[PDB]
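Peer 1: Data: final.txt, compact mmCIF, C-alpha atoms (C1' of nucleotides).
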```txt
# COMPACT_ATOMS: atom_id res chain seq x y z
CA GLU D 2 0.00 0.00 0.00
CA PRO D 3 1.05 3.67 -0.61
CA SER D 4 3.38 5.15 2.04
CA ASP D 5 2.51 7.77 4.67
CA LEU D 6 3.57 11.43 4.90
CA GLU D 7 6.73 10.65 6.87
CA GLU D 8 7.94 8.60 3.89
CA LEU D 9 6.95 10.86 0.98
CA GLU D 10 9.21 13.86 1.70
CA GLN D 11 12.04 11.33 2.08
CA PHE D 12 11.56 9.91 -1.41
CA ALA D 13 11.52 13.57 -2.50
CA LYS D 14 15.20 14.38 -1.91
CA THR D 15 16.18 10.81 -2.75
CA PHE D 16 14.74 11.28 -6.22
CA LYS D 17 16.26 14.76 -6.65
CA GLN D 18 19.82 13.79 -5.67
CA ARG D 19 19.71 10.36 -7.34
CA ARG D 20 18.26 12.11 -10.43
CA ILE D 21 21.15 14.41 -11.27
CA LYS D 22 23.45 11.46 -10.46
CA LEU D 23 22.55 9.67 -13.69
CA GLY D 24 22.43 13.06 -15.45
CA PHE D 25 18.76 13.46 -16.36
CA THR D 26 16.67 16.62 -16.21
CA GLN D 27 13.09 16.33 -14.98
CA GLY D 28 11.99 17.03 -18.55
CA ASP D 29 13.90 13.99 -19.78
CA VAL D 30 12.56 11.82 -16.96
CA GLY D 31 9.19 12.77 -18.43
CA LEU D 32 9.66 11.40 -21.94
CA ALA D 33 11.53 8.57 -20.17
CA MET D 34 8.41 7.04 -18.63
CA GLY D 35 6.79 7.61 -22.00
CA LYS D 36 8.81 4.78 -23.56
CA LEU D 37 8.14 2.86 -20.32
CA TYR D 38 4.33 2.99 -19.70
CA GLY D 39 2.21 3.80 -22.75
CA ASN D 40 2.09 7.55 -22.20
CA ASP D 41 3.94 10.01 -19.98
CA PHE D 42 4.08 12.96 -17.64
CA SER D 43 5.47 16.39 -18.52
CA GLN D 44 8.38 18.28 -16.99
CA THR D 45 5.84 20.19 -14.90
CA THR D 46 4.31 17.11 -13.34
CA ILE D 47 7.75 15.74 -12.47
CA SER D 48 8.75 19.17 -11.11
CA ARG D 49 5.75 19.24 -8.78
CA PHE D 50 6.71 15.79 -7.51
CA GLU D 51 10.11 17.10 -6.40
CA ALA D 52 8.76 20.17 -4.60
CA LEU D 53 5.94 18.01 -3.17
CA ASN D 54 3.34 20.14 -4.94
CA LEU D 55 0.70 17.41 -5.31
CA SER D 56 -2.17 15.94 -3.32
CA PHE D 57 -1.87 12.78 -1.26
CA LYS D 58 -3.32 10.54 -3.98
CA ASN D 59 -1.71 12.26 -6.99
CA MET D 60 1.70 11.62 -5.44
CA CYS D 61 0.91 8.18 -4.01
CA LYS D 62 -0.11 7.07 -7.51
CA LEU D 63 3.27 8.26 -8.72
CA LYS D 64 5.89 7.22 -6.13
CA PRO D 65 5.80 3.54 -7.28
CA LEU D 66 5.99 4.37 -11.00
CA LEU D 67 8.81 6.85 -10.47
CA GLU D 68 10.83 4.40 -8.37
CA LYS D 69 10.57 1.68 -11.03
CA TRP D 70 12.24 3.93 -13.58
CA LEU D 71 14.94 4.94 -11.08
CA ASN D 72 15.41 1.51 -9.45
CA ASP D 73 15.93 -0.40 -12.68
CA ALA D 74 16.56 1.11 -16.11
CA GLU D 75 14.34 0.59 -19.19
CA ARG D 102 -4.64 11.45 -22.15
CA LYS D 103 -5.40 13.87 -24.98
CA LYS D 104 -2.62 16.36 -25.71
CA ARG D 105 -3.82 19.68 -24.22
CA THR D 106 -5.67 21.98 -26.66
CA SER D 107 -4.28 25.52 -26.66
CA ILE D 108 -6.92 27.95 -27.92
CA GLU D 109 -5.70 30.81 -30.08
CA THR D 110 -6.39 34.16 -28.39
CA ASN D 111 -8.87 35.02 -31.17
CA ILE D 112 -11.12 32.09 -30.29
CA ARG D 113 -10.64 32.73 -26.56
CA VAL D 114 -12.04 36.25 -26.99
CA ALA D 115 -14.74 35.11 -29.43
CA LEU D 116 -15.91 32.51 -26.91
CA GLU D 117 -15.78 34.93 -23.98
CA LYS D 118 -18.45 36.89 -25.85
CA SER D 119 -20.89 33.98 -26.31
CA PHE D 120 -20.41 33.25 -22.61
CA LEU D 121 -21.26 36.91 -22.04
CA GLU D 122 -24.48 36.22 -23.93
CA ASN D 123 -25.33 32.91 -22.26
CA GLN D 124 -23.25 31.05 -19.66
CA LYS D 125 -24.88 27.67 -20.35
CA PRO D 126 -25.81 26.88 -23.98
CA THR D 127 -27.68 23.69 -24.85
CA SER D 128 -25.78 20.77 -26.43
CA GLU D 129 -27.50 22.01 -29.59
CA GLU D 130 -26.36 25.65 -29.41
CA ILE D 131 -22.94 24.34 -28.42
CA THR D 132 -22.82 22.24 -31.60
CA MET D 133 -23.99 25.28 -33.58
CA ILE D 134 -21.17 27.33 -32.06
CA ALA D 135 -18.29 24.89 -32.55
CA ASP D 136 -19.34 24.41 -36.17
CA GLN D 137 -19.99 28.15 -36.55
CA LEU D 138 -16.35 28.60 -35.55
CA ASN D 139 -14.67 25.46 -36.96
CA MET D 140 -13.85 23.92 -33.57
CA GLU D 141 -14.09 20.33 -32.32
CA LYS D 142 -17.53 20.08 -30.71
CA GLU D 143 -16.09 18.47 -27.58
CA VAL D 144 -13.43 21.10 -26.77
CA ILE D 145 -16.23 23.66 -26.73
CA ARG D 146 -18.62 21.64 -24.54
CA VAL D 147 -15.66 21.51 -22.21
CA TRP D 148 -14.59 25.16 -22.63
CA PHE D 149 -17.87 26.33 -21.17
CA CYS D 150 -17.66 23.84 -18.34
CA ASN D 151 -14.23 24.90 -17.07
CA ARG D 152 -15.29 28.49 -17.70
CA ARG D 153 -18.52 28.26 -15.65
CA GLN D 154 -16.41 26.76 -12.87
CA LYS D 155 -13.97 29.63 -13.38
CA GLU D 156 -16.74 32.17 -12.80
CA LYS D 157 -17.72 30.46 -9.56
CA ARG D 158 -14.10 30.81 -8.42
CA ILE D 159 -13.46 34.33 -9.74
CA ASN D 160 -16.67 36.25 -9.11
CA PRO D 161 -19.08 34.56 -6.63
CA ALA N 300 -5.99 42.87 -7.60
CA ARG N 301 -5.64 39.90 -9.98
CA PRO N 302 -8.11 37.33 -8.49
CA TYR N 303 -6.10 34.40 -9.74
CA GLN N 304 -7.99 33.04 -12.80
CA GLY N 305 -6.80 29.34 -12.69
CA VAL N 306 -7.12 26.18 -10.57
CA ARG N 307 -5.04 24.90 -7.59
CA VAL N 308 -4.05 21.57 -6.03
CA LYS N 309 -5.80 21.19 -2.69
CA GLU N 310 -3.56 20.32 0.25
CA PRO N 311 -0.29 19.81 -1.65
CA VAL N 312 2.12 17.71 0.42
CA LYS N 313 4.33 20.82 0.46
CA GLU N 314 1.80 22.79 2.50
CA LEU N 315 0.64 19.64 4.29
CA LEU N 316 4.13 19.42 5.80
CA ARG N 317 4.64 23.04 6.87
CA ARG N 318 1.28 22.61 8.62
CA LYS N 319 2.07 19.52 10.74
CA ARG N 320 5.24 21.27 11.97
CA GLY N 321 4.04 24.61 13.32
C1' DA K 1 -24.59 12.42 -23.97
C1' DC K 2 -24.55 16.66 -20.56
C1' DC K 3 -24.05 19.10 -16.06
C1' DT K 4 -21.78 19.42 -11.61
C1' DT K 5 -17.81 19.37 -8.26
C1' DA K 6 -13.01 17.95 -7.57
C1' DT K 7 -8.54 17.32 -9.51
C1' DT K 8 -4.90 16.04 -12.38
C1' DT K 9 -1.87 17.39 -15.65
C1' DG K 10 0.66 20.49 -18.92
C1' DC K 11 1.21 24.60 -22.77
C1' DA K 12 3.76 28.79 -22.27
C1' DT K 13 6.48 31.68 -20.39
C1' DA K 14 7.93 33.83 -16.53
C1' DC K 15 12.56 32.89 -13.45
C1' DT T 1 19.35 26.14 -20.33
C1' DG T 2 17.00 23.60 -16.68
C1' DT T 3 13.12 24.91 -13.34
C1' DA T 4 9.12 26.90 -11.53
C1' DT T 5 4.34 28.64 -12.13
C1' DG T 6 0.08 31.09 -13.99
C1' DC T 7 -4.05 29.93 -16.45
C1' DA T 8 -6.78 26.22 -17.76
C1' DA T 9 -7.44 21.91 -20.60
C1' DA T 10 -8.79 16.99 -19.60
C1' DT T 11 -10.58 13.73 -16.64
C1' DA T 12 -12.82 11.47 -12.63
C1' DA T 13 -17.02 10.56 -10.43
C1' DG T 14 -22.08 11.13 -8.86
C1' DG T 15 -26.38 12.69 -10.79
```
Mind turning the file's structure into structure tokens?

Peer 2:
Amino acid sequence: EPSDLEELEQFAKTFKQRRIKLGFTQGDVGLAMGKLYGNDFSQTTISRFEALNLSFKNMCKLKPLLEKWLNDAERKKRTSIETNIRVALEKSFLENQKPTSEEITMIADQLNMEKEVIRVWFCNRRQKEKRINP
Amino acid sequence: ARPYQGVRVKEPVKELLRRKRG
DNA sequence: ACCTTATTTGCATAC
DNA sequence: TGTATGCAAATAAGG
């Protein structure tokens, strides 16, 4: 079973010191587990592991996978919306914060955008509102 | 006054440590 | 097949 | 040139 707090911060410096020992940046350790698991984790994710910037679970699900790669040797790519579609969308939000799966289709198409990414854009956005202005 | 548009990790082990110390 | 809340990741670009 | 981090996509999980 996954370790407790008193063991996680320990693995933290162990991984950092033992990492630059075999000469491998966190970014390289990322594409390293790529050719070891089916997919991978970015330089950011690995960074956050080092500085212990992750929840209990998110780090307990990683300690074992990280130690395999170090012990012995060996998800959809994020969509970045162009600022012109980020502003365009902000407007339709400003018209209606929750469009029907129909309107949503009629917007994605009306803008040449994968229907899904849009259904999601409004979701994260609505949640954003709730965080930003209550 | 930037409100911090963007999401955060709740209870990162980093802060979880500095908490159970003082 | 979609929303909601909660979270995990990770472009991008500031250090 | 490696490392953080802001802002925020993708995903997980209960309806």

Peer 1: Fewer than 3 positions away in the same chain doesn't count, so skip those; otherwise give me all residues within 10 Å of region 6-8 of chain K, counting only C-alpha atoms (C1' of nucleotides), as a ChimeraX atom specification.

Peer 2: /D:46,55-56,59 /N:306-309 /T:10-13

Peer 1: Next, write the just-selected residues to a file, as an mmCIF file, in the frame of the given file, keeping C-alpha atoms (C1' of nucleotides) as the atom set.

Peer 2:
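Contents of selection.cif, freshly written:
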```
data_model
loop_
_atom_site.group_PDB
_atom_site.id
_atom_site.type_symbol
_atom_site.label_atom_id
_atom_site.label_comp_id
_atom_site.auth_asym_id
_atom_site.auth_seq_id
_atom_site.Cartn_x
_atom_site.Cartn_y
_atom_site.Cartn_z
ATOM 1 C CA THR D 46 4.310 17.110 -13.340
ATOM 2 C CA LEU D 55 0.700 17.410 -5.310
ATOM 3 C CA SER D 56 -2.170 15.940 -3.320
ATOM 4 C CA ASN D 59 -1.710 12.260 -6.990
ATOM 5 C CA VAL N 306 -7.120 26.180 -10.570
ATOM 6 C CA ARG N 307 -5.040 24.900 -7.590
ATOM 7 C CA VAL N 308 -4.050 21.570 -6.030
ATOM 8 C CA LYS N 309 -5.800 21.190 -2.690
ATOM 9 C "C1'" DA T 10 -8.790 16.990 -19.600
ATOM 10 C "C1'" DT T 11 -10.580 13.730 -16.640
ATOM 11 C "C1'" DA T 12 -12.820 11.470 -12.630
ATOM 12 C "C1'" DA T 13 -17.020 10.560 -10.430
#
```

Peer 1: Using all atoms listed in the file, which chain N residues lie at most 10 Å away from chain T, written as a PyMOL selection string?

Peer 2: chain N and resi 303-306

Peer 1: Interatomic distance between CA of residue 16 (chain D) and CA of residue 65 (chain D)?

Peer 2: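 It comes out at 11.9 Å.
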
Peer 1: Kindly determine which residues of chain D lie within 8 Å of chain N, considering all atoms listed in the file, and give the answer as a PyMOL selection string.

Peer 2: chain D and resi 6+52-57+155+158-159

Peer 1: For the selection just defined, write its residues with C-alpha atoms to a file, as a PDB file, in the coordinates of the input.

Peer 2:
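The resulting file, result17.pdb, is reproduced below:
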```pdb
ATOM      1  CA  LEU D   6       3.570  11.430   4.900  1.00  0.00           C
ATOM      2  CA  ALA D  52       8.760  20.170  -4.600  1.00  0.00           C
ATOM      3  CA  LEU D  53       5.940  18.010  -3.170  1.00  0.00           C
ATOM      4  CA  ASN D  54       3.340  20.140  -4.940  1.00  0.00           C
ATOM      5  CA  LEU D  55       0.700  17.410  -5.310  1.00  0.00           C
ATOM      6  CA  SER D  56      -2.170  15.940  -3.320  1.00  0.00           C
ATOM      7  CA  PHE D  57      -1.870  12.780  -1.260  1.00  0.00           C
ATOM      8  CA  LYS D 155     -13.970  29.630 -13.380  1.00  0.00           C
ATOM      9  CA  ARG D 158     -14.100  30.810  -8.420  1.00  0.00           C
ATOM     10  CA  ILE D 159     -13.460  34.330  -9.740  1.00  0.00           C
TER      11      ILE D 159
END
```

Peer 1: Considering all atoms listed in the file, extract the chain D residues located within 8 Å of chain T and return them as an MDAnalysis selection string.

Peer 2: chainID D and resid 26 48 102:103 105:107 151

Peer 1: To one decimal in Å, tell me the separation between CA of residue 12 (chain D) and CA of residue 64 (chain D).

Peer 2: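 CA of residue 64 (chain D) lies at a distance of 7.9 Å from CA of residue 12 (chain D).
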
Peer 1: Would you compute the distance between CA of residue 3 (chain D) and CA of residue 49 (chain D)? Give it in Å to one decimal.

Peer 2: 18.2 Å

Peer 1: With a cut-off of 7 Å and counting all atoms listed in the file, select all residues of chain K in contact with chain D and give the selection as a short mmCIF file (atom, residue, chain, number, x, y, z; two decimals) with C-alpha atoms (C1' of nucleotides), in the coordinates of the input.

Peer 2:
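And here's iface.cif as it stands now:
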```cif
data_model
loop_
_atom_site.label_atom_id
_atom_site.label_comp_id
_atom_site.auth_asym_id
_atom_site.auth_seq_id
_atom_site.Cartn_x
_atom_site.Cartn_y
_atom_site.Cartn_z
"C1'" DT K 9 -1.87 17.39 -15.65
"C1'" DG K 10 0.66 20.49 -18.92
"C1'" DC K 11 1.21 24.60 -22.77
#
```

Peer 1: Is it possible to get the axis-aligned box enclosing region 123-131 of chain D (all listed atoms, 8 Å extra per side) as AutoDock Vina command-line options, with centre and edge lengths in Å rounded to one decimal?

Peer 2:
```
--center_x -25.3 --center_y 26.8 --center_z -24.6 --size_x 20.7 --size_y 28.1 --size_z 25.9
```
